[PDB]
$ cat structure.cif   # mmCIF, C-alpha atoms
data_structure
#
loop_
_atom_site.label_atom_id
_atom_site.label_comp_id
_atom_site.auth_asym_id
_atom_site.auth_seq_id
_atom_site.Cartn_x
_atom_site.Cartn_y
_atom_site.Cartn_z
CA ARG A 512 -12.09 -7.44 8.83
CA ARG A 513 -11.45 -7.87 12.56
CA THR A 514 -9.59 -5.11 14.40
CA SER A 515 -9.49 -7.23 17.60
CA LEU A 516 -8.03 -10.58 18.62
CA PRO A 517 -10.02 -13.23 20.54
CA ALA A 518 -7.58 -13.01 23.47
CA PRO A 519 -4.97 -10.56 24.77
CA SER A 520 -1.27 -10.99 24.23
CA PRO A 521 1.12 -12.20 26.94
CA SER A 522 2.51 -8.86 28.10
CA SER A 523 5.73 -10.67 28.97
CA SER A 524 6.87 -14.18 29.61
CA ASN A 525 10.41 -13.30 28.51
CA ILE A 526 12.28 -14.56 31.57
CA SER A 527 12.62 -17.59 29.27
CA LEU A 528 14.70 -15.63 26.77
CA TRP A 529 17.25 -14.92 29.51
CA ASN A 530 18.60 -18.44 30.02
CA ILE A 531 17.76 -19.55 26.47
CA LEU A 532 19.80 -16.74 24.88
CA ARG A 533 22.78 -16.37 27.19
CA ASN A 534 23.19 -20.12 26.68
CA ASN A 535 23.30 -19.59 22.87
CA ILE A 536 25.57 -16.60 22.34
CA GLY A 537 26.88 -17.54 18.96
CA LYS A 538 24.40 -20.02 17.62
CA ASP A 539 21.97 -19.81 14.71
CA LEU A 540 18.69 -19.33 16.56
CA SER A 541 16.87 -21.25 13.83
CA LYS A 542 18.56 -24.29 15.41
CA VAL A 543 17.34 -23.53 18.97
CA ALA A 544 13.93 -24.64 20.27
CA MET A 545 11.88 -22.22 22.35
CA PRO A 546 8.64 -22.19 24.37
CA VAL A 547 5.65 -21.13 22.27
CA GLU A 548 4.75 -18.24 24.59
CA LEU A 549 7.74 -16.38 23.11
CA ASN A 550 6.15 -16.49 19.66
CA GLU A 551 3.55 -14.30 17.99
CA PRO A 552 0.53 -15.54 16.04
CA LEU A 553 2.24 -14.84 12.70
CA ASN A 554 4.92 -16.65 10.68
CA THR A 555 7.63 -15.65 8.24
CA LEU A 556 5.45 -16.05 5.12
CA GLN A 557 2.90 -13.63 6.53
CA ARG A 558 5.79 -11.41 7.69
CA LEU A 559 6.88 -11.29 4.05
CA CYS A 560 3.24 -10.43 3.36
CA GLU A 561 3.56 -7.36 5.64
CA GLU A 562 6.04 -5.95 3.10
CA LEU A 563 3.02 -4.93 1.02
CA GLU A 564 1.11 -3.03 3.73
CA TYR A 565 2.06 0.03 1.65
CA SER A 566 1.80 -1.64 -1.76
CA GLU A 567 -0.13 1.38 -3.06
CA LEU A 568 3.20 3.21 -3.37
CA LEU A 569 3.87 0.81 -6.22
CA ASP A 570 0.29 1.37 -7.41
CA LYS A 571 1.38 4.99 -7.91
CA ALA A 572 4.87 4.23 -9.24
CA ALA A 573 4.10 2.62 -12.59
CA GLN A 574 1.56 5.42 -13.23
CA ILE A 575 4.15 8.20 -13.78
CA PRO A 576 5.99 8.85 -17.08
CA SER A 577 9.12 9.87 -15.22
CA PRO A 578 11.50 6.96 -14.50
CA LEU A 579 13.33 8.74 -11.67
CA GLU A 580 10.15 9.46 -9.73
CA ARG A 581 9.23 5.82 -10.21
CA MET A 582 12.55 4.97 -8.59
CA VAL A 583 11.71 7.42 -5.77
CA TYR A 584 8.39 5.78 -5.10
CA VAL A 585 10.11 2.38 -5.19
CA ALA A 586 12.72 3.48 -2.66
CA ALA A 587 9.84 4.56 -0.45
CA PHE A 588 8.20 1.14 -0.85
CA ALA A 589 11.52 -0.53 0.01
CA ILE A 590 12.11 1.44 3.22
CA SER A 591 8.49 0.93 4.29
CA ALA A 592 9.26 -2.77 4.71
CA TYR A 593 11.14 -1.89 7.91
CA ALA A 594 8.44 0.38 9.41
CA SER A 595 6.52 -2.47 11.01
CA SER A 596 9.57 -3.60 13.03
CA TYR A 597 9.64 -0.42 15.17
CA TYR A 598 6.84 -1.55 17.45
CA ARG A 599 7.48 -5.31 17.10
CA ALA A 600 11.21 -5.10 17.76
CA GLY A 601 11.80 -8.32 19.65
CA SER A 602 9.31 -11.04 18.96
CA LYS A 603 10.10 -14.02 16.75
CA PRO A 604 7.40 -15.37 14.44
CA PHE A 605 6.49 -19.02 13.94
CA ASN A 606 9.14 -20.83 11.90
CA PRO A 607 7.04 -22.12 8.99
CA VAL A 608 6.64 -25.87 8.66
CA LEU A 609 8.32 -27.44 5.64
CA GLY A 610 5.71 -27.35 2.88
CA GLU A 611 3.46 -24.82 4.68
CA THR A 612 1.73 -22.08 2.70
CA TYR A 613 -0.04 -18.80 3.19
CA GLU A 614 -2.44 -17.05 0.84
CA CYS A 615 -3.76 -13.49 1.08
CA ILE A 616 -6.09 -12.25 -1.64
CA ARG A 617 -6.76 -8.53 -1.26
CA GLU A 618 -9.24 -7.06 -3.74
CA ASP A 619 -8.91 -3.97 -1.58
CA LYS A 620 -5.33 -3.14 -2.64
CA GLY A 621 -5.76 -5.40 -5.68
CA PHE A 622 -3.04 -8.02 -5.18
CA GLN A 623 -2.96 -11.80 -4.80
CA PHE A 624 -0.24 -13.10 -2.46
CA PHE A 625 0.97 -16.66 -2.01
CA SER A 626 3.91 -18.08 -0.14
CA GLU A 627 5.34 -21.45 0.65
CA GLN A 628 7.94 -22.76 3.06
CA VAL A 629 10.27 -24.42 0.60
CA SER A 630 13.21 -25.60 2.75
CA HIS A 631 13.61 -26.14 6.49
CA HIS A 632 17.35 -26.97 6.62
CA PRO A 633 18.11 -24.08 5.91
CA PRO A 634 14.77 -22.21 6.51
CA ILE A 635 13.73 -20.62 3.22
CA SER A 636 10.48 -18.78 2.52
CA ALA A 637 9.32 -18.00 -1.03
CA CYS A 638 6.62 -15.45 -1.79
CA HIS A 639 4.97 -14.28 -4.98
CA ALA A 640 2.29 -11.60 -5.36
CA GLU A 641 0.37 -10.52 -8.46
CA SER A 642 -1.22 -7.13 -9.16
CA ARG A 643 -2.27 -5.32 -12.33
CA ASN A 644 0.31 -2.60 -11.66
CA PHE A 645 3.19 -4.69 -10.30
CA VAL A 646 4.34 -8.19 -9.59
CA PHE A 647 6.28 -8.51 -6.37
CA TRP A 648 8.29 -11.57 -5.47
CA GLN A 649 11.21 -12.74 -3.37
CA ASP A 650 13.00 -15.47 -1.54
CA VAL A 651 14.56 -15.12 1.94
CA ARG A 652 16.28 -17.00 4.75
CA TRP A 653 17.25 -15.42 8.07
CA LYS A 654 20.64 -15.85 9.78
CA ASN A 655 19.53 -14.82 13.26
CA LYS A 656 22.09 -14.94 16.09
CA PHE A 657 22.12 -13.47 19.59
CA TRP A 658 25.43 -11.94 20.67
CA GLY A 659 25.87 -10.93 24.32
CA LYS A 660 23.34 -8.08 24.47
CA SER A 661 21.73 -7.52 21.11
CA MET A 662 20.02 -9.81 18.60
CA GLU A 663 20.95 -9.84 14.93
CA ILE A 664 18.61 -10.34 11.99
CA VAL A 665 20.40 -11.11 8.72
CA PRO A 666 18.04 -11.48 5.72
CA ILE A 667 19.65 -13.24 2.78
CA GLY A 668 18.08 -12.74 -0.63
CA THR A 669 16.98 -9.97 -2.95
CA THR A 670 13.61 -8.33 -3.57
CA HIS A 671 12.11 -8.03 -7.07
CA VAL A 672 9.31 -5.74 -8.24
CA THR A 673 8.26 -5.28 -11.85
CA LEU A 674 5.97 -2.69 -13.35
CA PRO A 675 4.49 -4.12 -16.59
CA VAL A 676 3.06 -0.96 -18.15
CA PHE A 677 6.66 0.22 -18.17
CA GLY A 678 8.64 -3.03 -18.23
CA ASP A 679 10.45 -1.98 -15.05
CA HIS A 680 12.56 -4.48 -13.13
CA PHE A 681 13.47 -3.15 -9.67
CA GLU A 682 15.89 -5.28 -7.63
CA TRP A 683 17.32 -4.39 -4.21
CA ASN A 684 19.00 -5.91 -1.15
CA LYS A 685 17.63 -6.58 2.29
CA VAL A 686 19.77 -5.14 5.06
CA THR A 687 20.97 -6.14 8.55
CA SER A 688 19.21 -5.39 11.89
CA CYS A 689 20.68 -5.34 15.43
CA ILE A 690 17.99 -5.23 18.14
CA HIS A 691 19.89 -3.62 21.00
CA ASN A 692 19.05 -4.62 24.58
CA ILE A 693 16.61 -7.36 23.58
CA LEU A 694 16.91 -8.62 27.18
CA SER A 695 17.25 -5.19 28.84
CA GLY A 696 14.74 -2.42 29.48
CA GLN A 697 14.11 -0.66 26.17
CA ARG A 698 14.56 -2.80 23.08
CA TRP A 699 15.58 -0.50 20.26
CA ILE A 700 16.12 -1.78 16.73
CA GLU A 701 18.70 -0.48 14.30
CA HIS A 702 19.30 -1.12 10.61
CA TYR A 703 22.74 -1.45 9.04
CA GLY A 704 23.95 -1.26 5.47
CA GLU A 705 23.04 0.48 2.25
CA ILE A 706 20.01 -0.40 0.15
CA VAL A 707 20.76 -0.25 -3.57
CA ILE A 708 17.83 -0.23 -5.96
CA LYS A 709 18.62 -1.04 -9.57
CA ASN A 710 16.42 -1.04 -12.62
CA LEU A 711 17.78 -3.94 -14.64
CA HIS A 712 15.83 -2.70 -17.69
CA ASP A 713 16.77 0.99 -17.19
CA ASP A 714 20.36 2.30 -17.18
CA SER A 715 19.37 5.93 -16.46
CA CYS A 716 19.04 5.78 -12.70
CA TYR A 717 20.06 3.97 -9.54
CA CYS A 718 19.13 4.62 -5.90
CA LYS A 719 21.13 4.44 -2.66
CA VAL A 720 19.45 4.63 0.77
CA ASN A 721 21.56 4.75 3.94
CA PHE A 722 20.42 4.22 7.56
CA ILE A 723 21.84 6.83 9.91
CA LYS A 724 23.02 5.17 13.09
CA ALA A 725 22.74 7.52 16.02
CA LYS A 726 22.53 7.26 19.75
CA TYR A 727 19.10 6.01 20.79
CA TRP A 728 18.11 9.44 22.15
CA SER A 729 19.45 11.57 19.31
CA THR A 730 17.27 13.72 17.11
CA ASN A 731 18.76 11.76 14.23
CA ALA A 732 17.52 8.43 15.55
CA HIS A 733 15.89 6.26 12.85
CA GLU A 734 16.91 8.75 10.20
CA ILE A 735 17.43 7.83 6.56
CA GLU A 736 19.42 9.53 3.82
CA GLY A 737 18.58 8.55 0.24
CA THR A 738 19.68 9.70 -3.21
CA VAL A 739 18.61 8.84 -6.74
CA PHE A 740 21.65 9.24 -8.98
CA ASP A 741 21.91 9.32 -12.77
CA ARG A 742 24.41 7.18 -14.67
CA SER A 743 27.16 9.77 -14.09
CA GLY A 744 26.98 9.67 -10.28
CA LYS A 745 25.40 13.10 -9.89
CA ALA A 746 22.50 13.54 -7.50
CA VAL A 747 18.98 14.14 -8.77
CA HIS A 748 16.43 13.57 -5.99
CA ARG A 749 17.08 13.25 -2.26
CA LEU A 750 14.98 11.31 0.22
CA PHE A 751 14.89 12.11 3.91
CA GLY A 752 12.81 11.33 7.02
CA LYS A 753 12.58 8.39 9.41
CA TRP A 754 11.95 4.77 8.46
CA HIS A 755 9.17 4.25 11.03
CA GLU A 756 7.53 7.60 10.52
CA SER A 757 7.70 9.51 7.23
CA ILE A 758 9.68 9.81 3.99
CA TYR A 759 10.10 12.87 1.70
CA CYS A 760 11.04 13.64 -1.94
CA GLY A 761 12.92 16.81 -2.57
CA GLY A 762 15.03 18.27 0.24
CA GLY A 763 15.97 21.42 -1.69
CA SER A 764 13.82 23.95 -3.55
CA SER A 765 10.62 21.99 -2.96
CA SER A 766 9.67 18.85 -1.11
CA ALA A 767 6.82 16.40 -0.62
CA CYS A 768 5.96 13.73 1.92
CA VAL A 769 5.99 10.63 -0.26
CA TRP A 770 5.20 8.16 2.55
CA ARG A 771 3.57 7.94 5.99
CA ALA A 772 3.32 4.89 8.21
CA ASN A 773 -0.25 3.94 9.00
CA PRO A 774 -1.19 4.51 12.63
CA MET A 775 -1.30 1.62 15.01
CA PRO A 776 -4.51 -0.02 16.23
CA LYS A 777 -6.31 1.17 19.30
CA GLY A 778 -4.29 -0.01 22.24
CA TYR A 779 -2.18 -2.08 19.87
CA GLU A 780 0.09 -3.15 22.75
CA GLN A 781 -2.39 -5.70 24.12
CA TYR A 782 -2.32 -7.70 20.88
CA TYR A 783 1.43 -8.20 20.26
CA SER A 784 1.73 -4.62 18.93
CA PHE A 785 0.44 -5.61 15.48
CA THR A 786 -0.40 -3.19 12.74
CA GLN A 787 -4.03 -3.24 11.66
CA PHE A 788 -2.64 -4.93 8.56
CA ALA A 789 -1.07 -7.62 10.75
CA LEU A 790 -4.26 -8.40 12.70
CA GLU A 791 -5.96 -9.08 9.35
CA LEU A 792 -3.70 -11.88 8.10
CA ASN A 793 -4.37 -14.74 10.53
CA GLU A 794 -8.07 -13.92 10.45
CA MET A 795 -10.24 -16.50 8.68
CA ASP A 796 -13.60 -15.63 7.05
CA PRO A 797 -16.31 -18.22 6.27
CA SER A 798 -16.32 -17.91 2.48
CA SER A 799 -12.59 -18.49 1.98
CA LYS A 800 -12.38 -21.67 4.11
CA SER A 801 -13.66 -23.64 1.07
CA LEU A 802 -11.13 -22.11 -1.39
CA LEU A 803 -7.62 -22.75 -0.04
CA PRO A 804 -5.29 -25.74 0.51
CA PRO A 805 -5.10 -27.25 4.02
CA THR A 806 -1.49 -25.98 4.28
CA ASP A 807 -2.54 -22.33 4.74
CA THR A 808 -1.31 -21.05 8.09
CA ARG A 809 -4.78 -20.01 9.33
CA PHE A 810 -5.40 -23.74 9.75
CA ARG A 811 -2.29 -24.18 11.87
CA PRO A 812 -3.57 -25.11 15.35
CA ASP A 813 -0.80 -23.91 17.70
CA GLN A 814 -0.88 -20.54 15.95
CA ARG A 815 -4.68 -20.31 16.34
CA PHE A 816 -4.59 -21.54 19.96
CA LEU A 817 -2.02 -18.84 20.71
CA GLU A 818 -4.17 -16.21 18.98
CA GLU A 819 -6.83 -17.71 21.30
CA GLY A 820 -4.88 -17.39 24.57
CA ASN A 821 -4.56 -21.16 25.13
CA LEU A 822 -0.91 -21.48 26.12
CA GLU A 823 -1.28 -25.15 26.97
CA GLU A 824 -3.02 -26.18 23.73
CA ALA A 825 -0.47 -24.18 21.72
CA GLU A 826 2.53 -25.71 23.55
CA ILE A 827 0.95 -29.14 22.89
CA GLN A 828 0.16 -28.74 19.20
CA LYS A 829 3.60 -27.24 18.56
CA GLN A 830 5.61 -30.23 19.83
CA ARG A 831 3.28 -32.53 17.87
CA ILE A 832 3.90 -30.65 14.60
CA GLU A 833 7.66 -30.46 15.14
CA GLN A 834 8.23 -34.14 15.87
CA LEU A 835 6.05 -34.96 12.86
CA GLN A 836 8.41 -32.88 10.71
CA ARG A 837 11.37 -34.74 12.14
CA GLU A 838 9.68 -38.02 11.16
CA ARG A 839 9.15 -36.85 7.62
CA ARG A 840 12.58 -35.28 7.22
CA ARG A 841 13.73 -38.82 8.10
CA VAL A 842 11.09 -40.58 5.90
CA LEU A 843 12.26 -38.80 2.75
CA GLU A 844 15.86 -38.96 4.03
CA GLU A 845 15.85 -42.77 4.00
CA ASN A 846 14.27 -42.82 0.54
CA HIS A 847 17.11 -40.43 -0.50
CA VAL A 848 14.40 -37.97 -1.57
CA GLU A 849 15.32 -34.38 -2.43
CA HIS A 850 12.00 -32.79 -1.46
CA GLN A 851 10.70 -30.42 -4.08
CA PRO A 852 8.33 -27.62 -3.00
CA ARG A 853 4.96 -27.27 -4.59
CA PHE A 854 4.37 -23.98 -6.36
CA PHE A 855 7.88 -22.57 -6.42
CA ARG A 856 10.80 -23.84 -8.50
CA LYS A 857 14.50 -23.03 -8.10
CA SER A 858 16.24 -21.08 -10.88
CA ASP A 859 19.77 -19.63 -10.63
CA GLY A 860 19.53 -19.96 -6.84
CA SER A 862 16.23 -18.10 -6.35
CA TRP A 863 12.87 -19.77 -5.63
CA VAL A 864 10.38 -18.23 -8.06
CA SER A 865 6.76 -19.17 -8.68
CA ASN A 866 6.46 -22.01 -11.17
CA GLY A 867 3.15 -20.47 -12.20
CA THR A 868 0.64 -22.83 -10.64
CA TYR A 869 -0.91 -21.41 -7.44
CA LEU A 870 -3.34 -18.77 -8.69
CA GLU A 871 -4.75 -20.86 -11.54
CA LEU A 872 -4.88 -23.99 -9.37
CA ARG A 873 -7.14 -21.91 -7.14
CA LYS A 874 -8.88 -20.50 -10.25
CA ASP A 875 -11.30 -23.44 -10.18
CA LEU A 876 -13.34 -23.96 -7.02
CA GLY A 877 -12.58 -26.49 -4.31
CA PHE A 878 -9.19 -28.02 -4.98
CA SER A 879 -9.38 -31.16 -2.86
CA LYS A 880 -7.13 -32.87 -5.44
CA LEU A 881 -5.14 -35.13 -3.10
CA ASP A 882 -4.08 -32.15 -1.02
CA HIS A 883 -0.45 -33.10 -0.72
CA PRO A 884 0.84 -34.13 2.68
CA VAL A 885 -1.13 -33.36 5.82
CA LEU A 886 0.81 -31.10 8.17
CA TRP A 887 -1.67 -30.92 11.09
#

$ encode --input "structure.cif" --output "structure tokens"
Amino acid sequence: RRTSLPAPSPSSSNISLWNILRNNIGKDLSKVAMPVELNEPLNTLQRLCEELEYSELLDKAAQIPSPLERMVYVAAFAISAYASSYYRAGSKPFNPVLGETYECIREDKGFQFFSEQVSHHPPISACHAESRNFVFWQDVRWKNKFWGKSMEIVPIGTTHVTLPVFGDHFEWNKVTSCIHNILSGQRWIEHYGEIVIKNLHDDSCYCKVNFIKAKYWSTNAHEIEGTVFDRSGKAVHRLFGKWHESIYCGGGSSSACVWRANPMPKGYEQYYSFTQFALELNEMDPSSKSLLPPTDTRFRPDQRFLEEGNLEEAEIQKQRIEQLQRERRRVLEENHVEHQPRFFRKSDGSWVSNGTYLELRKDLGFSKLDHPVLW
């Protein structure tokens, strides 16, 4: 897999953000159009993919007789979702096209990941991933707004992981993020709220993780404080460390480093500050190009022509795609059509896999009236 990118990143063309944001101080940024040079060659379905860069934590979890330690490893997996945002604090990803998909099949870590863009008004992304040790799925929409100085990220939705060999159902919240000084010199991100991890199927244990807010320069910057309590509210295991750096079991008589962020690629800054994991998800190999629907994001031109350094071709493709989506919003609006997304179905207000993607790839070369062209 390719540890480079066929062009370098725009180091900055963020004068644009100045007028575009201080002219939108309360507005849902999903509703505000922006020049493509402010994007990054990834989208929100792949950014949900990122949440499994450390999936192997789960690969250890279900392999432990102790429930509480399984919780501990889960809490580590949960926090690790935020680690990638330390270096990529600002940049917005591509808003997925309605109906778009993304597929990543990793034999390496042994999971199969698929994702679809299921609604555009509002923007909802649905992801499902299958592994022998866990199934990981969720459903999110972002309420991003820019106040005077800092930019807010508000994920809405919950995250579900099950461990079969133990029948474990872990469910926890996403949490808020202010990016302070997103226009000023040093963008520093900060996470707000409490993550609560519940086992639905196990009453024994529940986990609370808190983000310590501290002045940017404190020695407690980016600190976390976690506990795994029993039913009675008494503390069992404590987690400590920093959410971009390292997490630890223990804290008392003994301790262990349960998680460590991978190190960044060599001179990562010149390629949008991606993790190695990130550089590997809009990279397209020869053998897979004959196995996936034409709605996978690697096909998306403006994305690829930005990965390529062609600002003009990207800016062109992008307006083409967007006005096409207006036309089809309107085409199924006049036919009073409630669009239904392809391999996710809505239940109780969550988009879960209907159970069709993996097996509809199971047989080679699905060219079976590949449902609408998007580019």

$ atom_distance --input "structure.cif" --atom1 "atom CA of residue A:743" --atom2 "atom CA of residue A:761"
19.6 Å

$ closest_residue --input "structure.cif" --among "A:812, A:748, A:623, A:835" --to "residue A:874" --atoms "all atoms listed in the file"
A:623

$ atom_distance --input "structure.cif" --atom1 "atom CA of residue A:817" --atom2 "atom CA of residue A:629"
24.2 Å

$ atom_distance --input "structure.cif" --atom1 "atom CA of residue A:566" --atom2 "atom CA of residue A:586"
12.1 Å

$ residues_around --input "structure.cif" --residues "residue A:678" --least-positions-apart "5" --cutoff "12 Å" --atoms "only C-alpha atoms" --output "NGL selection string"
:A and (573 or 578 or 581 or 644-646 or 672-673 or 710-713)

$ closest_residue --input "structure.cif" --among "A:676, A:614, A:830, A:750" --to "residue A:873" --atoms "only C-alpha atoms"
A:614

$ closest_residue --input "structure.cif" --among "A:575, A:689, A:802, A:706" --to "residue A:870" --atoms "only C-alpha atoms"
A:802

$ closest_residue --input "structure.cif" --among "A:698, A:777, A:719, A:533" --to "residue A:749" --atoms "only C-alpha atoms"
A:719

$ closest_residue --input "structure.cif" --among "A:693, A:579, A:769, A:615" --to "residue A:679" --atoms "only C-alpha atoms"
A:579

$ closest_residue --input "structure.cif" --among "A:563, A:735, A:789, A:876" --to "residue A:776" --atoms "only C-alpha atoms"
A:789
